[PDB]
């Protein structure tokens, strides 16, 4: 079953009142969409799109290069410090648990699908996830609102001419 999680502070708050953590629960964090469907809010998406230019994102596991991006490592068995970003770690779990590896999240200030020019002028946050047992890795990056959302994970360039180069989420990426 899929349920939408709860804003951190709502969790932060109520946990000081009720000793229950609320972890043990198949949830996806709010504002994130399960970008995987080849052919809650999951959203069905096309495997690829050679229509728009853009270098593909190397498999996370391969621990290769992708620089303007953030790397997250999560060990389901405890024993090792998790690393990266809150959302990275959050999705890594929800990712392992369900058979899902692609995730999208478009910020608040943005009005199915047809991304391009009409919806350009911002960045849309992508997430790629890998397995390897108990060990879960995630590569996260920024994509132009211009861009199309697909199962394939690439770093598309821009069609709109308004879509930016750095966001405030795109920084400290390497």
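Numbering follows the first chain given and starts at 1.
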*asked:* In terms of residues present in the deposited sequence but not modelled, what lies between residue 111 and residue 112: none, 1 to 3, 4 to 9, or 10 or more?
replied: 4 to 9
*Hey, how big is the hole between residue 39 and residue 40 in terms of deposited residues without coordinates: none, 1 to 3, 4 to 9, or 10 or more?*
10 or more
*asked:* Please compare 113 to 121 with 131 to 139 and say which has the higher mean C-alpha temperature factor in the record.
replied: 113 to 121
_Greater mean Cα temperature factor according to the PDB record, 84 to 92 or 97 to 105_ = 97 to 105
*Would you mind checking which of 44, 32, 47, 149 has the top Cα temperature factor in the PDB entry?*
44
*In this PDB entry, which of 58, 68, 144, 54 has the top CA B-factor?*
68
*Taking the C-alpha B-factors as the PDB entry records them, is residue 23 in the lowest, middle or highest third of its chain?*
highest
*Would you check the entry's CA temperature factor for residue 158 and let me know if it's in the chain's lowest, middle or highest third?*
highest
*Chain-wide C-alpha B factor ranking for residue 166, given as lowest, middle or highest third*: highest
*Based on the entry's values, in what third of the chain does the Cα temperature factor of residue 8 lie: lowest, middle or highest?*
middle
